[PDB]
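Chemist: Experimental structure and sequence below, a few questions after.
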Amino acid sequence: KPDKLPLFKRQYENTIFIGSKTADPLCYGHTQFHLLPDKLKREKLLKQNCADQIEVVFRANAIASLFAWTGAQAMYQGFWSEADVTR
Amino acid sequence: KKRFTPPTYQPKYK
Amino acid sequence: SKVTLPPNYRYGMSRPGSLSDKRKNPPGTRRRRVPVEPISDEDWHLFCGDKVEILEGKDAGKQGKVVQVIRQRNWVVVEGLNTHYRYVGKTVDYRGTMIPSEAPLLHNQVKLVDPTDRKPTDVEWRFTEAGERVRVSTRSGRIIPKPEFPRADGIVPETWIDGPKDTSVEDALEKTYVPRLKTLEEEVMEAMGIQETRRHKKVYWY
Amino acid sequence: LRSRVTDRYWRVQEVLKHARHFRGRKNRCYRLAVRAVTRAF
Amino acid sequence: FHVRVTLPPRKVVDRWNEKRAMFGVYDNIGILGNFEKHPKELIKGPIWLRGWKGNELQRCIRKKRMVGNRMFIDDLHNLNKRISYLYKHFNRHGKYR
Amino acid sequence: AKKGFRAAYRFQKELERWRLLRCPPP
Amino acid sequence: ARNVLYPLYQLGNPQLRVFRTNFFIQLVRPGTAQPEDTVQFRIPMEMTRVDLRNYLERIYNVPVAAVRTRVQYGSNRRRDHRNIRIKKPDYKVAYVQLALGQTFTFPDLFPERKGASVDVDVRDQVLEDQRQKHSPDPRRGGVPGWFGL
Amino acid sequence: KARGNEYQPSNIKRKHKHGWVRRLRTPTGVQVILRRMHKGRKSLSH
Amino acid sequence: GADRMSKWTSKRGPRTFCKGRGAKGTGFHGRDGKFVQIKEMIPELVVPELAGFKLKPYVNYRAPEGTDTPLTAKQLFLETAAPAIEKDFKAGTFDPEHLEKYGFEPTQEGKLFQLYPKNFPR
Amino acid sequence: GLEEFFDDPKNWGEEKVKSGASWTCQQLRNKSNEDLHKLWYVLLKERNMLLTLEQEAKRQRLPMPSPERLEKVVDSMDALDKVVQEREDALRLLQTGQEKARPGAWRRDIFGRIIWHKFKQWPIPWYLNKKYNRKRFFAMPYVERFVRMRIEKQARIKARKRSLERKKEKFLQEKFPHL
RNA sequence: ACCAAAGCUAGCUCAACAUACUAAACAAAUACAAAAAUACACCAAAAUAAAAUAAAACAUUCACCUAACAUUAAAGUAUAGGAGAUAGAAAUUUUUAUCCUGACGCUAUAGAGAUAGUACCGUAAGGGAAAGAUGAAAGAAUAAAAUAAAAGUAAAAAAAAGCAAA
RNA sequence: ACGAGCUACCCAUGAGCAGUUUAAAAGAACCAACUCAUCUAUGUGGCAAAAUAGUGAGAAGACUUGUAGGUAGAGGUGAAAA
RNA sequence: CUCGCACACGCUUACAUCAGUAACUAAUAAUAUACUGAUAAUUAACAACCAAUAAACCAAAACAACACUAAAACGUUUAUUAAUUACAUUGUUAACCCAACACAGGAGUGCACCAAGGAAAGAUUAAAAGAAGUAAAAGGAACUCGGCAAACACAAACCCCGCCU
Ligand SMILES: [Mg+2]
Ligand SMILES: [Mg+2]
Ligand SMILES: [Mg+2]
Ligand SMILES: [Mg+2]
Ligand SMILES: [Mg+2]
Ligand SMILES: [Mg+2]
Ligand SMILES: [Mg+2]
Ligand SMILES: [Mg+2]
Ligand SMILES: [Mg+2]
Ligand SMILES: [Mg+2]
Ligand SMILES: [Mg+2]
Ligand SMILES: [Mg+2]
Ligand SMILES: [Mg+2]
Ligand SMILES: [Mg+2]
Ligand SMILES: [Mg+2]
Ligand SMILES: [Mg+2]
Ligand SMILES: [Mg+2]
Ligand SMILES: [Mg+2]
Ligand SMILES: [Mg+2]
Ligand SMILES: [Mg+2]
Ligand SMILES: [Mg+2]
Ligand SMILES: [Mg+2]
Ligand SMILES: [Mg+2]
Ligand SMILES: [Mg+2]
Ligand SMILES: [Mg+2]
Ligand SMILES: [Mg+2]
Ligand SMILES: [Mg+2]
Ligand SMILES: [Mg+2]
Ligand SMILES: [Mg+2]
Ligand SMILES: [Mg+2]
Ligand SMILES: [Mg+2]
Ligand SMILES: [Mg+2]
Ligand SMILES: [Mg+2]
Ligand SMILES: [Mg+2]
Ligand SMILES: [Mg+2]
Ligand SMILES: [Mg+2]
Ligand SMILES: [Mg+2]
Ligand SMILES: [Mg+2]
Ligand SMILES: [Mg+2]
Ligand SMILES: [Mg+2]
Ligand SMILES: [Mg+2]
Ligand SMILES: [Mg+2]
Ligand SMILES: [Mg+2]
Ligand SMILES: [Mg+2]
């Protein structure tokens, strides 16, 4: 189950947002920049006895952020589960 | 007068 | 693990925390109190493992070895002398192994027998000149040794094998204690070379 | 000295023995039997 | 009215025990002893009833006067209430007046 | 528990009478 | 340690050291699906994540990466014969995620024995045969078969 | 309109009205606790 | 109404009521609202080396026990300091003014692990 | 080193698992301080293993094989703790002379009873503590009545217990006429 | 024949004596919202008892009414009292040490409320029960023996007409 | 002694009123959520120790409502119904 | 047929898995979220705990441009001190709360009116009387204290009393 990641269920407004509203003429993007927090420092992970997870943190951050960004792009262009993306 | 007598319940052990 | 029993209790040869006892009397019942003659620990002469003779009953005048004693009701039991027949194997369509179980005997119906002349005698406790407190007989005037009985766990000290998790007698009796005035904390710290320079501040106690 | 009645069985029976041939609850209930027996006498 | 179905054990009481043999032995201690002690001193019981008799109100008053200061709180309160009730019943209630 | 022997002995008489009524002897 | 007064800390207090710990830990099989790197302990109510981490790092030398604790509440619903509630004790359950990628699986602590199973089957067959031989003959109709003639 | 549901539970209100600190902050509550202990109550307060 | 016989715990309260289960604190609250943990406050389990320790959790059954003689202050003094003071008195070097060499301590505030204040947990 | 919570693989399915007797206070006293310090952890590992085995037996609905090992280990732990505590008590009586390792006072709370109020560690003195100042250690002029009621109830309970014992001894004496 | 009925015990009550009087447990936490290790304070307080009743009403009065001086007399006296109901002394007298303590008190609708201040009823102060019966042995439950006697039913619904009986 | 967790009134802290006509957020108008309870019929040991169905009034205000606190009986509170 | 999801307050395991229901609970069975036994569970990022001391500070929230009266909660900056060092403690289940009950009643907030929740009928016959609904020849208030209720209407007026909300 995903609850052992750990992940927890919550109920609030489920929004699909690219960085601006749909009326923005810039419906596509170029690049993202993500600054790691103090919680995910290399020294912090080493003190927590985590050396292989330094790259895993970057991988998870990129996989979540870029996927959410591209999904927002696709659903702003009009593609969804039954209208799968063409390009 | 408005005379009203509330009912009395019995103990649950019976 | 000491199971606490209610003050109003009836003893039926069963362990106080046994399934048979819990079936005999549930924790919601308490029965009539039976009279028990006051006999202190210093006046109990019937131990387990000695040969005693039955005085009253269908099998009277017979001698047997004491196996169990119950001091709560002053019960002493002998193996297979005063018997009643009970079935242990019971199913829907089969019965068998009708074992002869043993009925209880009070201290009044049993008196100890000295091993010399094999006659029943009255046992009075005395204090010998050597500092030993041993039973003597008044009918004949002899002493009765303590009937050493094997314990309930079933392991004898004569034949024992030390396992991987058991120490030897040398390691059990090896004395290394150096009686000095240092605490265990300081002992361990100085043994391991732990260094602590700072000290505690002023702490108020109220 | 608490004193209670023990022969109440016989006290009731001495009255009920004369009402055994009656009809209804008068032959069983004691409250209904004393009046019936008195009127019978 | 359900009486017991079994005969009770016969109480084997002896009429020649120590108490039943020595009972009332020194009742004439004064008469036969060059009077020095009344039969009052032979009465064993409560402090306020050693050689005295009275009705319930008098007994309660006497008990309160002697041992009233050593009583317990609840028994003292009950004794006061009983004294008041007996006073009221004896003085204000009755038929012969 | 009512303290008494007369009631018990009278009820023993009545029990014997009931036994006699139920099973008559030869 | 539990049920032991701790020294109050101030600036300059020496390091707190416990030589004989009073904590006792159980290792329990998870009731739900759990990943490979997670290990489930039952710890006393006075145990923290750092206490458990030090416990496993020093006493057992286990490279634990993450600690997550929760408090499970014992049922107070059952009633005694006196209509008094019987409360099961609460307990702290902790999950430790290993660091170096070690895979842990709870072993089967009660493996059945083939010889024991064969002996039990033989005993059952013997009991069935005893019941069959003790069963009355239908052609007799209840007559005791002990008497010869 | 409909009555009988006058008890609306609230732990804060319960502890502030019949709690131990509320009982002991006044001498009358102390006397109440004394009476309950003398009677032998299993629960002196909430 | 509500229950009174059940214990008042953190589960049966509102969000603003969050009571601990009995564990000791490990720090304080810092500047930005975070919890700052002090490494001096956490208990450091001092574990020994059990590799070269030839002792088992159980004893030989055939080994005999001993007569119960609890340790006492007079016995401890006799085993530790009595021979030393006796030797010093025989040699004439016993000094009533200074008894620190025999193991006695004038004050407790000096050393690390103190007895009456009980600065050590265990 | 996560296998120390389990016993040897060859001893998992065994129906009966035997071991030695428990540690005795004299055997603990005979050892030195570091030996006891190491034996504490030696027995602690065994206790953890036994608790794990008991919990797993409960989970599998099977009886624990020879569960007396847990009680033997508990008795050994208690004996070691008692020996360490008696050494500490003797040493602290020798140095300071105080019987109890935690300071305290015999106080009289608002309820009229006498309480062994232990002392807590505070960074500030007693006259500057908000939580401690609002505490009361004295009895008000409405408490002596309840104190007398408590004396009253204890006296009545003791008297009726004495009468109970007297009646029991009587009934036994006239039930057994062996005198 | 069901329903049922009977045990003798737990224990209580009244006194006497008595050390002299808030039992045991107190490892940890307990007047933060009790059982929550840890921060610059506030802590604290006292001011008559009243009335239900009696005087057949009720205003003045109304002993006892949670303050030691006990017993035998003085004495229910002098006195105080809408001089009514009622209240009520003192001066002055008597009181010999210890054991002989148990019960013409009860036996589970009685005796403490108590198997227990627990369930339960109440927000709270507070109120507050009923419940046990075989036997030497149930490690003698293909288990054995005494009543089958209350009311209520079945065995066995009723046949003109009547306080149901004589 | 114990009670303002229901209710009467305050004190802090929050949250709600969609649509339509209107220069209006006007102690305006229609009608929702929401709040009260005019009339009738059932119910009367009932679903209920005050309810259900139909039908009604208010619905940007002297409006409802959540949490916490206060006013305690010779009194509190009250747009007086003792 | 459509009161569903979650959170706050409140109840504490009533939640989940396996097994049993002759009896105990469901106002009846089937069986079981409501009974019995055993074993497990709710893992934090959401929420609780989460600086003081002086000084600059009149200029509302209502899409806030700018205004009205009833004059309006909601904030930064500067300066002095703020242990400094991973991982602290606590709430995480539910068919649930208050009403004596598994009660047609009373319940705050954010979302949508179904993509989620459930079943009015245990099986028959279709007597009277009762409750609810639909329809009705001609009449259209002639019934009744009253046009109360109902109705294919849902309009115009006259008085008494209180200005009006
Ligand atoms: Mg958590
Ligand atoms: Mg109510
Ligand atoms: Mg309650
Ligand atoms: Mg809470
Ligand atoms: Mg909550
Ligand atoms: Mg941290
Ligand atoms: Mg009068
Ligand atoms: Mg009169
Ligand atoms: Mg009058
Ligand atoms: Mg008066
Ligand atoms: Mg005059
Ligand atoms: Mg007059
Ligand atoms: Mg009784
Ligand atoms: Mg009959
Ligand atoms: Mg006739
Ligand atoms: Mg309030
Ligand atoms: Mg309020
Ligand atoms: Mg609007
Ligand atoms: Mg309007
Ligand atoms: Mg309606
Ligand atoms: Mg209609
Ligand atoms: Mg309208
Ligand atoms: Mg209008
Ligand atoms: Mg008046
Ligand atoms: Mg008034
Ligand atoms: Mg008026
Ligand atoms: Mg009027
Ligand atoms: Mg409930
Ligand atoms: Mg059923
Ligand atoms: Mg269940
Ligand atoms: Mg949930
Ligand atoms: Mg039907
Ligand atoms: Mg019809
Ligand atoms: Mg009709
Ligand atoms: Mg119609
Ligand atoms: Mg028509
Ligand atoms: Mg007309
Ligand atoms: Mg007409
Ligand atoms: Mg109309
Ligand atoms: Mg009209
Ligand atoms: Mg019209
Ligand atoms: Mg007119
Ligand atoms: Mg008007
Ligand atoms: Mg106008």
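Modeler: Nice, thanks for sending it over. Numbers count the residues shown, from 1 in each chain, chains lettered A, B, ... in the order given. Ligands and ions are numbered 1, 2, ... in the order given.

Chemist: Name the helix or strand for residue C:171, please.
Modeler: Taking DSSP states H and E as the definition, one finds residue C:171 inside helix C:169-173.

Chemist: any idea how far that helix is from the chain center?
Modeler: Averaging C-alpha coordinates over helix C:169-173 and over its chain gives two centres that are 28 Å apart (C-alpha atoms, centre = their mean, to the nearest Å).

Chemist: Which strands and helices lie in contact with whichever helix or strand comes after it?
Modeler: Past helix C:169-173, further along toward the C-terminus, the next helix or strand under DSSP H and E is helix C:184-192. The elements that helix C:184-192 packs onto, with contact taken as 3 or more C-beta pairs under 8 Å, 6 or more residues apart in numbering or on different chains; DSSP states H and E, are helix J:33-60, helix J:68-95. C-betas here are computed from N, CA, C, even on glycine.

Chemist: Any chance you could list what contacts the helix holding residue C:171?
Modeler: Judged by C-beta atoms under 8 Å, 6 or more residues apart in numbering or on different chains, the contacts made with helix C:169-173 from elsewhere in the structure are I:54-56, I:59-60, I:62-64, J:27, J:30.

Chemist: can we see that at 10 Å?
Modeler: By C-beta atoms under 10 Å, 6 or more residues apart in numbering or on different chains, the surrounding residues in contact with helix C:169-173 are C:162, C:166-167, I:54-56, I:58-66, J:20-21, J:23-24, J:26-27, J:30-31.

Chemist: With distance to chain F and mean neighbour count added, can I get the helices and strands packed on helix C:184-192 in TSV?
Modeler: Putting these into TSV (distance: least, C-beta to the nearest C-beta, whole Å; neighbours: other C-beta atoms under 10 Å in any protein chain shown) gives the following:
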stretch	distance to chain F	mean neighbour count
helix J:33-60	49	20
helix J:68-95	47	19
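
Chemist: what's the residue closest to the geometric middle of chain A?
Modeler: What sits nearest the mean C-alpha location of chain A, by C-alpha atoms, centre = their mean, is residue A:65, with 2.2 Å.

Chemist: I figured that one hits residue A:34, correct?
Modeler: Yes - in this structure residue A:65 lies within contact range of residue A:34 using C-beta atoms under 10 Å: 5.9 Å.

Chemist: Was I right to think residue A:52 contacts residue G:37?
Modeler: No - using C-beta under 10 Å, residue A:52 and residue G:37 do not qualify as a contacting pair, with a distance of 11.6 Å.

Chemist: give me every residue that touches residue 15.
Modeler: Looking at chain A here, since you left the chain open. Counting by C-beta under 10 Å, 6+ apart, residue A:15 touches residue A:72.

Chemist: hmm, I had chain H in mind actually
Modeler: Here residue H:15 is in contact with H:21-22, H:45-46, I:8, I:13, I:17 (criterion: C-beta under 10 Å, 6+ apart).

Chemist: Buried subset of those residues as a ChimeraX selection?
Modeler: Restricted to the buried members of the contacts of residue H:15, where burial is judged by 16 or more other C-beta atoms under 10 Å in any protein chain shown, the ChimeraX selection command reads as follows:
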select /H:45,46 /I:8
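
Chemist: so which two of the contacts of residue H:15 are the farthest from each other?
Modeler: Taking C-beta to C-beta as the measure, the contacts of residue H:15 reach their widest spread between H:45 and I:17, a distance of 16.9 Å.

Chemist: out of the contacts of helix C:169-173, which are buried?
Modeler: C:162, C:166-167, I:55-56, I:58-63, J:20-21, J:23-24, J:26-27, J:30-31.

Chemist: can you tell me which of those are up against chain A?
Modeler: Counting by C-beta under 10 Å from any C-beta of the partner chain, the subset of the buried ones among the contacts of helix C:169-173 that neighbours chain A is empty.

Chemist: does the longest helix along chain J come close to chain H?
Modeler: Secondary structure of chain J read by DSSP state H shows that its longest helix is helix J:144-175. Yes - contact between helix J:144-175 and chain H is present through J:145-147, J:149-150, J:152-153 (criterion: C-beta under 10 Å from any C-beta).

Chemist: Any chance of a PyMOL selection covering the buried ones in the residues you listed?
Modeler: Isolation of the buried members of those (16+ other C-beta under 10 Å) is achieved in PyMOL through the command below:
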select buried, chain J and resi 146+149+150+152
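
Chemist: Reformat the residues of helix J:144-175 next to chain H as JSON lines; add distance to RNA strand K.
Modeler: Putting those into JSON lines (distance: C-beta to the nearest atom of the strand, whole Å) gives the following:
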{"residue": "J:145", "distance to RNA strand K": "7"}
{"residue": "J:146", "distance to RNA strand K": "8"}
{"residue": "J:147", "distance to RNA strand K": "5"}
{"residue": "J:149", "distance to RNA strand K": "9"}
{"residue": "J:150", "distance to RNA strand K": "4"}
{"residue": "J:152", "distance to RNA strand K": "8"}
{"residue": "J:153", "distance to RNA strand K": "8"}
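
Chemist: contacts with chain E among the residues of helix J:144-175 next to chain H, please.
Modeler: The residues of the residues of helix J:144-175 next to chain H that also fall near chain E, by C-beta under 10 Å from any C-beta, are J:145, J:149, J:152-153.

Chemist: Tell me how many other residues crowd residue J:172.
Modeler: Residues within reach of residue J:172, counting by other C-beta atoms under 10 Å in any protein chain shown, total 13.

Chemist: Excluding chain neighbours, what is closest to it?
Modeler: residue C:38 (6.0 Å; C-beta to C-beta, 6 or more residues apart in numbering or on different chains).

Chemist: Between the contacts of residue H:15, which sits nearest chain J?
Modeler: For the contacts of residue H:15, the minimum distance to chain J (C-beta to the nearest C-beta) is 9.6 Å, reached by residue H:21.
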